[PDB]
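Quick notes on the structure that follows.
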Amino acid sequence: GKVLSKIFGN
Ligand SMILES: *C(=O)CCCCCCCCCCCCC
């Protein structure tokens, strides 16, 4: 959830 945000970001 933070990845998409942290990995993926945005
Ligand atoms: C927040 O929603 C985290 C989800 C980010 C997507 C990860 C999907 C892939 C999961 C398998 C990778 C190995 C598991 C740690």
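Chain labels A, B, ... are given in the sequence in which chains occur in the structure tokens; within each chain residues are numbered consecutively from 1, and ligands are likewise numbered from 1 in the order shown.
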_Test item: residues lying within 6 Å of ligand 1 with only C-alpha atoms and all ligand atoms, as a list in words_ =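 Within the 6 Å cut-off, the matching residues are residues 1, 2, 3 and 4 of chain A.
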